[PDB]
Amino acid sequence: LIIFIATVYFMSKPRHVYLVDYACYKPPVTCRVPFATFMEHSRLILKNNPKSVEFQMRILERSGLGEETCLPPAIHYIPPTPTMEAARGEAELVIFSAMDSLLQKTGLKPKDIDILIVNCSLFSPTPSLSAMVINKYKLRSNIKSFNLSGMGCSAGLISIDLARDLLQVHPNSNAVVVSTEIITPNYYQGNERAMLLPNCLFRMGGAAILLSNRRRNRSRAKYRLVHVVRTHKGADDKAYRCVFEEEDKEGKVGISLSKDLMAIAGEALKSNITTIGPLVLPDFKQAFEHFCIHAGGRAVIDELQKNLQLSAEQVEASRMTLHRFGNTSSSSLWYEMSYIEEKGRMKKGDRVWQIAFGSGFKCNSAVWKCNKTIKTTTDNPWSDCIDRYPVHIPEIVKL
Amino acid sequence: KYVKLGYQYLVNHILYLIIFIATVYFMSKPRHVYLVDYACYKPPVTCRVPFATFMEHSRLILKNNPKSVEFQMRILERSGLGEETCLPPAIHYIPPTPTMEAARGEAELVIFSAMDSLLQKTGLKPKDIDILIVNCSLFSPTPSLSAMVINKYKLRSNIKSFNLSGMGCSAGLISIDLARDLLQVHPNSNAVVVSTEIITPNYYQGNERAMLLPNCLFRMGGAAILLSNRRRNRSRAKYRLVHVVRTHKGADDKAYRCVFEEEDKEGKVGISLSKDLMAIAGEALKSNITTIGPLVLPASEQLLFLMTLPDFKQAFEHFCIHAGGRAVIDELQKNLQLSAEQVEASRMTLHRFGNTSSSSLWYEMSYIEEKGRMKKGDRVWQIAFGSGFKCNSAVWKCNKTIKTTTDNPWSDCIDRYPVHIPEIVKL
Amino acid sequence: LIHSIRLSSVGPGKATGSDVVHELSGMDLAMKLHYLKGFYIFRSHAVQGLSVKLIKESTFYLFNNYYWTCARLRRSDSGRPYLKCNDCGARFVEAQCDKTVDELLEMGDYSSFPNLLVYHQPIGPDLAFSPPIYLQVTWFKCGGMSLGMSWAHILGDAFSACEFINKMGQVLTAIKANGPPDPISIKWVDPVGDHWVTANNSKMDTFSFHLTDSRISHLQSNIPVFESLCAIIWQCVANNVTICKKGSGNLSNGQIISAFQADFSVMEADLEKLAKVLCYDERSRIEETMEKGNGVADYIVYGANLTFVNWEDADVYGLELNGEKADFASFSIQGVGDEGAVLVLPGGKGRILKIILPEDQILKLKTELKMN
Amino acid sequence: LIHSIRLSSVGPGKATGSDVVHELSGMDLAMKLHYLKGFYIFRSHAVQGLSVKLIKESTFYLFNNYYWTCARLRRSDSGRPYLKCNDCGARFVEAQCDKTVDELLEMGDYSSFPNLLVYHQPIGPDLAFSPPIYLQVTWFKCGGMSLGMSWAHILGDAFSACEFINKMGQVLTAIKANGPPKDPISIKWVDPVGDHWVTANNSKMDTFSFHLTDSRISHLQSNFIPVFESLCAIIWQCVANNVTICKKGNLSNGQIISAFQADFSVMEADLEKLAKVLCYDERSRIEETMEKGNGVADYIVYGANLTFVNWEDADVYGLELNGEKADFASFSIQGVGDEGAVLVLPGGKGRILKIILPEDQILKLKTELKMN
Ligand SMILES: CCCCCCCCCCCCCCCC
Ligand SMILES: CCCCCCCCCCCC
């Protein structure tokens, strides 16, 4: 009688997935772009469209971005001239830097990587970016490689969910998730106001995360994955078209945002919370020690803080990530996480709730649990600025 | 090396008081994945592109580059394509003007036609779709193609959707493998896999000879496949997924760069092919075949191989070689000693539909089914290859004898299509 | 006037099979230097619901019956040209006009319509890549639509072209409603090689005018309508004369060609004299002449000896889009010898006369008709 | 000559911080209508293994010390200009030259080098969007390289600019080695310019450069430490009342500026007399008059009178790339007044004399100077 009640549980138990470590790309100071420089370049580029320059000024004044966010070299020329060579160079730079940091801080051998998932929304060369990583680090021929493209700013948690399922299927394996957004091809070269907002906010960033289900990583892992919840609002036409890539009147491709975008975002977020409430609740903010809201906009962070009654300390990581790095797309959630680790605030047993949102308005969230108290280090993107960064962010930055 | 991979996998595959022994097995067995059905897109006759029209348009476009026109003529003479292969409307204008509106229109047409056919065939309700995987190598709009399908058919908000892009012509079997794993994880669920290549953005607007072959070979096509692990589907399923083997030669620099998207001297983007593409393809195919041999060959052939240290025609009844080139089919037939009837589906698919990147395997499957040659218990080996030089393979087992139908891409031409394909097509 | 011109190809929706050819008869080869230009203009009411996609689909279904009109010209070993049915297709043109149909028809000077609403390129100088059919669809601001065809005379005569256009219209309607389904008349010219164009010493010009029933009856003071008009214009032009009338679905050059040589003073002759001359078939002679040359020698029919053309029986207004005839449809010959030509077309109560001569002769004829 | 020009921006690698400003003194405001153009030319050997990325990185690390050179001009409540250190950056230019360094250095007069190898735009007419520093890197076919800088005189004097460029070179080398780290008489009141800081001249100012050697200097001295004094006396006599002298006295306008009104006719004066009056500071009075105008008034220093600048002690050949000095380095002033200027630069044992005057006076001097 004992067997049928014990082995049934033991064989139906999901495998434990662990975040062994992760590395965040640190853009060089040579890619730095202050507000005044952005506005001057905008004036020189959109010389015939004063209203577009004024719109960009208004957007960047209240964006919450700081003076140290970065853009790739191709975007620094007065008229940017994006080429596929420049996009490949930026992708190689960011992804190889993050991968090198990850392999150095984990001691992971490239031959021990069984799963490789790379997500970048807009850039997608014919030999996939996962193929680029495989070629760079000489990974095995039987590697399970996946390249998720066009899934937006919430696709990092989609990659995490895919890795979780694949680690359920495959015992004693490692998965590497590379979340990035290449800015060089993303840049919009027209003057239509609806497509200019992405240029004002998207900045360089990337992350490489090692997940594993090996028992040897059960003690040195930083986190254990608890939950991942996905919501898709694509069935609704308004939500489907609120972030749409298309051509303008001049034939230049960009991403148009609808006026009702904020409303749609609210709805999606609510849905996600309503789906994750019964999974973590015994008041939403009391189920978690830490929150990581994707830095996709100051207004969205304001709305979430108001609705969930979060405090200034609880949304501190998201605001500081938006100020320091800007909107780095799917990798944003991993800068924010690093922030909490660099203040010495991530203690064993602490619960972290990450939430991200994007195109098609997918809205995804992930609940992690801290597996061991994390000590401050010097090999993270916040190392050179953490001692001052809980700064005051004015409502309007005056130029 | 690859023999070692095959045997390593076989070690963990051949494995699959009374209560305990029963439970330790029933709770560790893999879930059966079933190909319930699939629908192939049939491009309209208004999109057909005969040889003469293609060459006239080439002469008119590359008017200042006669050598490029000559190269295209040489490539297309021996390609093995027929007169009924199709290209999207935007490419029919003398100077093609590929816009994203045209690309979206073509994507919607192909994908929605395939999905409508699939839903009509299987009686599947959109609310019952649990997983959706879409693979198209080049086209990747900001709201995914999977998001487009979800919007079109109003799928559930907790849909597990995935958009694989940039993974070449072998990514259809990557989607199949991903669906297999996800169905291992999620019981009593349905997965829909859409495989397509949108040609409008894939078209190359320059005149470099290294970049013009995809224009000559790639044609319209698409496929939607329903996979399931439900017990109800076990009886009406067309196939049972047996094996999927993936090979990635991206570690080798030459294989990595053999198919590379890049700009030419005039700044136009296209797919450059290396001179050593055939060597890389042969090596990748050999590696994949070596890895899969231990999993499918009879123990007699395996013991024979081990002693002198085989014949794959005995391991399979049907073969579906990706229609990525006449020369590749020729070389596979020569090396594996396949008969003319065993490569008939691949050659006929290349002749009828051209090179539909990741959906050609399903056109070949439809060809086999529509000749009434797919019997219960038959084994089918599909092999695909593409950029990064990934090379993937799948082994299916027919679950029920397939009766011919009328809602297939071959319905209007199957009665004649075992045709003679000349070595050189004269203009 | 015309902007946003886009080129593409149409053709049969069904492959015709390799090795299919289409022989050109002697009449076809004798007309190889001539072309037909025909344009129809509809108002937005008739073209309601039509798009370029529907017209293209209808053309794809139409060319199944006329696959040889999508063939390309090859030369046999003996040098006789023929049509190889490789399904290369016909050329399709899309154009935009900033004017409206009402404005366009309120100009009087319709002489420029054949050149702007019809896209024409001669066969050659390379035969193997010259389509014999050009179709142009022009969209106007008011929503009306123009359909122009350039049609190589090897394919057939004017009645064959009108039948082709009527079939296109019928196929379009069917798709919309039910879903998808020694001779004298010829003159030897200097060889033109593979560039099939009629050479003219002078700058040919066309002048057209409408005559009503009353005008015809008054001029008839001296079947008989065409003969009497031909006599009038022949006398005003004033020896060799050629007449070209209808013969007795299928595309062919089934046209009756006749010629008369007059060793008398046409300058001073009674009208009844020329009428009796005109009303009182040279296919066999032309066939033998073109057979004795193996189809290599080049001849022109129109403009050989002051050609007279009878298209009053042509179905120039047979194209009905949404059950409505064209607001204005017209036809003409592209390529006419020095002697020029006269064309009779079915107007309303009377006939439309087009006259093609050198410009100086055009001015002289206008002066002559200023009081007649 | 110059093609493929690409614009970009550089600036400090570290954020300066909010509310940081930089005050412009009276001398800086008096200098605001003048600019300094310098350029250095190296052969392919010195600049081997040196890309644009490395130069940009070195500038990013250099501007940390000189963040205010990347500031933008603002006006206070009273209207006194100052520099808001918003890190807007300096302009960076990349250019290509078909010629080689040898061809450029062996083509006679180097009169067009400042115009082509230095990218210069004045401050204004919109102060808030005008960088005070333009840097240009030109790549030649042989592999040699030119580095030109346009430098607003509000930032400092020629010695400050030379120190800035030498620091650029030092930073580049260090990065390569160890990886990343009473009414004043000298100033003339001018018509208000508002926000477009450009010197207005009612003539065509032109330059004239030559290379007085270490021998002719003593030859001219014998006609009658004070080497430049005697050269200035000679040039003053040749161009003949009011005289201005600028000579050498962290970036600042540290130049010692003096003036000397004259009554004796310069033409009929001994060379030693004029040398004596020349060799035997006006910052205080200049600052006082600037303060009396609230820094809103506009004044011109160079060309207010006959100006002689002593740059013989400036470190023009201070920029070293891979330990090699520039094959050819030069400096000059853009925005000189109608009166003209005479700059003396080091030529090793000799001196280089750049005279800036109205073109007709330049033509006259071309012959006047040859007599001695
Ligand atoms: C049966 C007639 C078909 C008419 C449609 C023809 C479409 C031709 C497709 C475009 C061919 C491109 C040739 C390659 C140019 C570089
Ligand atoms: C400090 C100056 C660094 C260079 C800034 C380049 C700005 C490029 C982005 C502007 C986009 C309009």
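Return yes when B:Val3 is within 30 Å of C:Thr59 (Cα to Cα), surrounded by fewer than 21 Cβ atoms within 10 Å (Cβ to Cβ) and not charged (D, E, K, R) and no when it is not.
Numbers: within 30 Å of C:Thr59 (Cα to Cα): no; surrounded by fewer than 21 Cβ atoms within 10 Å (Cβ to Cβ): yes; not charged (D, E, K, R): yes.
Taking the combined requirement at face value, the residue does not satisfy it.
Being within 14 Å of chain D (Cβ to nearest Cβ) and away from ligand 2 (no atom under 11 Å from the Cβ) is the filter here, so list the residues in segment A:36-53 that pass it.
Correct list: A:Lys47, A:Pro50.
For segment C:337-354, check the following and say yes or no: at least one residue is assigned to a loop (DSSP other than H, G, I, E, B), over 24 Å from C:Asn201 (Cα atoms) and touching a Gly at 6+ places or on another chain (Cβ under 7 Å).
Going through segment C:337-354, the residues assigned to a loop (DSSP other than H, G, I, E, B) turn out to be C:337-340, C:347-350.
Then keep just the ones that are over 24 Å from C:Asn201 (Cα atoms); that gives C:347-350.
Those still in the list that are touching a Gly at 6+ places or on another chain (Cβ under 7 Å) too: none.
No, there is no match, as no residue in segment C:337-354 is assigned to a loop (DSSP other than H, G, I, E, B), over 24 Å from C:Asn201 (Cα atoms) and touching a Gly at 6+ places or on another chain (Cβ under 7 Å).
Between a first residue in segment D:260-277 that is among the charged types (D, E, K, R) and a second residue that is assigned to a loop (DSSP other than H, G, I, E, B), which pairs have beta carbons less than 7 Å apart while being 6 or more apart in sequence or on different chains?
Close Cβ pairs (under 7 Å, with a partner that is assigned to a loop (DSSP other than H, G, I, E, B)) amount to D:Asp270/D:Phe224; D:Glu272/D:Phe224.
Mind listing whichever residues of segment B:230-256 are polar (S, T, N, Q) and within 24 Å of B:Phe316 (Cα to Cα)? Show your work before the answer.
Residues of segment B:230-256 that are polar (S, T, N, Q), as a first pass: B:233, B:235, B:247.
Matches in segment B:230-256: B:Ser235, B:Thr247.
Which number in (1) outside any helix (DSSP H, G or I); (2) β-branched (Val, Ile, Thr); (3) more than 24 Å from B:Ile91 (Cα to Cα) marks the one condition that B:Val194 misses?
All conditions are met except number (3).
Does segment A:371-392 contain any residue that is assigned to a strand (DSSP E or B) and in contact with a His (Cβ under 8 Å, 6 or more places away or on another chain)? Give the steps one after another, and end with the answer.
Initial filter on segment A:371-392 (assigned to a strand (DSSP E or B)): none.
So far as segment A:371-392 goes, no, none of its residues is assigned to a strand (DSSP E or B) and in contact with a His (Cβ under 8 Å, 6 or more places away or on another chain).
Okay, residues lined up against (1) in contact with a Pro (Cβ under 9 Å, 6 or more places away or on another chain); (2) surrounded by fewer than 20 Cβ atoms within 10 Å (Cβ to Cβ); (3) polar (S, T, N, Q):
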position	(1), (2), (3)
C:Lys276	no, yes, no
C:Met290	no, no, no
C:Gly293	no, yes, no
C:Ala326	no, no, no
C:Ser332	yes, no, yes
C:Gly347	no, yes, no
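Answer with yes or no whether D:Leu319 is surrounded by 22 or more Cβ atoms within 10 Å (Cβ to Cβ) and touching a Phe, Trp or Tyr at 6+ places or on another chain (Cβ under 8 Å). First the steps, then the outcome.
Working: surrounded by 22 or more Cβ atoms within 10 Å (Cβ to Cβ): yes; touching a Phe, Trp or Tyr at 6+ places or on another chain (Cβ under 8 Å): yes.
Answer is yes for this residue.
Could you run through segment D:7-53 and say how many residues are away from ligand 2 (no atom under 16 Å from the Cβ), under 24 Å from D:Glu94 (Cα atoms) and within 14 Å of chain A (Cβ to nearest Cβ)?
1
For segment B:135-145, state whether one or more residues are facing chain A (nearest Cβ under 8 Å), touching a strand residue (DSSP E or B) at 6+ places or on another chain (Cβ under 6 Å), surrounded by 23 or more Cβ atoms within 10 Å (Cβ to Cβ) and assigned to a helix (DSSP H, G or I).
Yes; the residues of segment B:135-145 include at least one that is facing chain A (nearest Cβ under 8 Å), touching a strand residue (DSSP E or B) at 6+ places or on another chain (Cβ under 6 Å), surrounded by 23 or more Cβ atoms within 10 Å (Cβ to Cβ) and assigned to a helix (DSSP H, G or I).
Kindly indicate whether any position in segment C:8-19 is touching an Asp or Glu at 6+ places or on another chain (Cβ under 7 Å), away from ligand 1 (no atom under 16 Å from the Cβ) and either of a type outside the set (D, E, K, R) or not assigned by TED's automatic domain parsing to the domain that holds C:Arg283 (or both). Full working, then the answer.
Of the residues in segment C:8-19, the ones touching an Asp or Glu at 6+ places or on another chain (Cβ under 7 Å) are C:11-12, C:15-16.
From what's left, away from ligand 1 (no atom under 16 Å from the Cβ): none.
No: zero hits.
Anything in segment D:278-288 that is closer than 19 Å to D:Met27 by Cα and crowded, with 16+ Cβ neighbours inside 10 Å? List them, or say none.
Going through segment D:278-288, the residues closer than 19 Å to D:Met27 by Cα turn out to be D:281-288.
Selection gives D:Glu282, D:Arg283, D:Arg285, D:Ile286, D:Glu287.
When residues of segment B:317-335 are filtered for being surrounded by 19 or more Cβ atoms within 10 Å (Cβ to Cβ) and not basic (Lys, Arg), how many remain?
Just the residues of segment B:317-335 that are surrounded by 19 or more Cβ atoms within 10 Å (Cβ to Cβ), to begin with: B:318-326, B:328-329, B:332.
The next check asks that each one be not basic (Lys, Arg); those that pass are B:318-325, B:328-329, B:332.
Looking only at that region, the number is 11.
Quick check on B:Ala107: is it more than 8 Å from chain A (Cβ to nearest Cβ) and closer than 18 Å to A:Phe123 by Cβ? Before you say what the answer is, go through the steps one by one.
Working: more than 8 Å from chain A (Cβ to nearest Cβ): yes; closer than 18 Å to A:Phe123 by Cβ: no.
No, not satisfied.
For segment D:242-266, which positions are out of contact with any strand residue (DSSP E or B) (no Cβ under 7 Å at 6 or more places or on another chain) and loosely packed, with under 14 Cβ neighbours inside 10 Å? Let's see the steps before the verdict.
Step one: of segment D:242-266, the residues out of contact with any strand residue (DSSP E or B) (no Cβ under 7 Å at 6 or more places or on another chain) are D:250-254, D:263-266.
Once the filter is applied, which keeps residues that are out of contact with any strand residue (DSSP E or B) (no Cβ under 7 Å at 6 or more places or on another chain) and loosely packed, with under 14 Cβ neighbours inside 10 Å, segment D:242-266 yields D:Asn250, D:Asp263, D:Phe264, D:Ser265.
For segment D:58-98, list the strands (runs of 3 or more DSSP E) that sit wholly inside it and hold at least 2 residues that are in contact with a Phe, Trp or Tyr (Cβ under 6 Å, 6 or more places away or on another chain), more than 10 Å from chain A (Cβ to nearest Cβ) and more than 12 Å from ligand 2 (Cβ to nearest atom); which are they? Write out each step before concluding.
Values: elements: D:72-75, D:81-84, D:90-97.
The qualifying strands (runs of 3 or more DSSP E) are D:90-97.
Can you name the residue in segment D:99-138 that is of a type in the set (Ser, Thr, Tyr) and not in a loop (DSSP other than H, G, I, E, B) and is also nearest to A:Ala36 (Cα to Cα) among such residues?
Going residue by residue through segment D:99-138, those that are of a type in the set (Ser, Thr, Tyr) are D:100, D:110-112, D:119, D:130, D:134, D:138.
Filter again for not in a loop (DSSP other than H, G, I, E, B), leaving D:134, D:138.
Working: D:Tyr134: 17, D:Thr138: 27 Å.
If we take residues in segment D:99-138 being of a type in the set (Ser, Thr, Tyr) and not in a loop (DSSP other than H, G, I, E, B), then D:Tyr134 is nearest to A:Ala36 (Cα to Cα).
Go over the candidates D:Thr100, D:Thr138, D:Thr173 one by one and state the one that is surrounded by fewer than 24 Cβ atoms within 10 Å (Cβ to Cβ), in contact with a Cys (Cβ under 7 Å, 6 or more places away or on another chain) and more than 29 Å from D:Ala297 (Cα to Cα). Outline the logic, then answer.
On the way: D:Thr138 fails: surrounded by fewer than 24 Cβ atoms within 10 Å (Cβ to Cβ); D:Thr173 fails: in contact with a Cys (Cβ under 7 Å, 6 or more places away or on another chain).
Of D:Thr100, D:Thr138, D:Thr173, the one residue that is surrounded by fewer than 24 Cβ atoms within 10 Å (Cβ to Cβ), in contact with a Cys (Cβ under 7 Å, 6 or more places away or on another chain) and more than 29 Å from D:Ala297 (Cα to Cα) is D:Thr100.
As a convention, Cβ positions derive from the backbone with ideal geometry for all residues, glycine included, and neighbour counts pool all protein chains shown. The values are calculated or read from the model by the stated rules, or taken from the named source; nothing here is a laboratory result.
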